[PDB]
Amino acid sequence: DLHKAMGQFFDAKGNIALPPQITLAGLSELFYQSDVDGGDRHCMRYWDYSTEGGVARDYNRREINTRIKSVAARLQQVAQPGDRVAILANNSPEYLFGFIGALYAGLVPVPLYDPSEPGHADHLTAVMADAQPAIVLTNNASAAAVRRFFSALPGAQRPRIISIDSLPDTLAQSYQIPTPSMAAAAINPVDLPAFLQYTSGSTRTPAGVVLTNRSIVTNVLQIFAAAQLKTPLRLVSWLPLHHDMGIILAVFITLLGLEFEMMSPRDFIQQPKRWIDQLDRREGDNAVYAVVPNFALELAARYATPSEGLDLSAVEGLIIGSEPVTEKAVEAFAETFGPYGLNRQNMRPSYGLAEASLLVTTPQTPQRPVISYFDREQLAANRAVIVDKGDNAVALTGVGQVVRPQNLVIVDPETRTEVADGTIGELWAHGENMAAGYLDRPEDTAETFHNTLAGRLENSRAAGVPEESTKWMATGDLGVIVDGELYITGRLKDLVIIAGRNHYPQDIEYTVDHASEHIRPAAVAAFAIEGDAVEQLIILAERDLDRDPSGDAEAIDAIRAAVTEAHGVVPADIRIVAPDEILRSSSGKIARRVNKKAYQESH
């Protein structure tokens, strides 16, 4: 019984109490051992699309557990609890067996990517120099790429490379449960590092978010209690496992023994119908869940055209997040798939970040998905005033409520004081899901994780937190709470501020998209760069798939006029490029800061 199992850690007041000895792996094994009679239950289906039709690999409860313990036992022949180990593989069952197997051995995994995928050499080099793992877990498909990545080092300095699907299951029988130290010094197991999450999309040197057993276990409990899950369920995901959103979701589902169906982002992008087909109702189905970034809604709405017989009525939650969720994308999806059983009320925009482990807010009322319209001028002055659709209005999507126990406060970053609901500020979070810091980065850790709330409102969203706490996490994200609902406006650092007015890229990007059918839907990056004595607005946009460069001139003129009229700024530059030329993350989403850097290095 899952719901009781997860409730054992809550108290009457809704507070979480974790025993000092609990770890992520200990929780996983506790649930597995309680799942008497569950060993033969189907738990994971992996789609290999080396061929176009694809071949499924299936694993039941027992097989997953055995693979995990085989990995752990092998690690215990060559390493100690606390050692770091990089995971360098494509999305695959081995990726998960390696990550969780490291946890079982008390090692600290570092989820990374297949190094043969382009665009990671600098990143991987920096991560390896930062975390310095002596061991790499990989699979047979990726092992050559891994061996080559390290071929410029002295052989004696290369990490040991372990290919998980070369390990026999006879290893599992020698796995040993790590025992806690008795010392004096001793950090409790629950407070030890669980894994290191290096995020992507930034041009700066990678920083390792240190997630502890406490961090993750707390967020797993917060997620479970807030998501109002219908069990049993299956979760469909193609998210990259080296992304915060991908790996925690897969681990959440695996630790609870629920059903998980996985492919790689490239499989979705090349044939989005594969994803819609996976959400289609199957005979055994009870509840189906999915988690995607915003752009995927537009891609599927256009390119996963539905057939007679498609039945999406089993989809109980379509979580959308990791980037601004747009009205345009939500409605295109709802309109395309609503006639085939997709309940619009089950679209659930949500917000989080690695520094909070995974999830900060998600809809916890029936009022979702929320779309609200705000006066653009007031918004540019940090005030949210609800207006009627389509009269100088900015459409923003509600991402729900904080997942307790946890506080979410809107804070003036200049004065570090709470602001009233309806006032735009920086989101600050407080709770035991927060990460411990950035690995070996004391000042960056202090800036992001060790903030003090200098002042609060009479009715404070910080209620329950000691007034002197120095543990507020400043997200770097701007937003506002209106009528109890959180809205994300943009990243603080990437605000477009021109002549004393704040402009939000997502707002500008809608104007650009809407300004001409020459532009590929949702394929716009708007950002500011420093000019002579002011900030310049730069706009990059791909022309749609069927369009010729001869239409660029017209689209540019139309984009310029539309943006000037709606926002009162004449773009300094409007560049139109070919489809897929705008740089994107491994998940497929536009990587704005990476594009901005590339533009500056071309001037």
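In this text, residue numbers run from 1 along the sequence as written.
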Per the PDB entry, mean CA B-factor is higher for 74-82 or 518-526, namely for 518-526
The stretch carrying the higher mean Cα B factor in the deposited entry, 329-337 or 453-461, is 453-461
The residue of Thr205, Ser163, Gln176, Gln367 with the maximal C-alpha B-factor according to the PDB record is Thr205
Entry record, C-alpha B-factors for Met245, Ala184, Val399, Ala89; the maximum is at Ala184
Of the three thirds of Cα B-factor ranks in this chain, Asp40 occupies the middle
By the entry's values, the third containing the CA B factor of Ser357 is the lowest
Tertile call for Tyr198 (CA temperature factor, within chain, third-based) is the middle
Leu439: CA temperature factor from the record, placed by chain third, in the middle
Quick tally, chain-level thirds of C-alpha B-factors: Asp48 sits in the highest
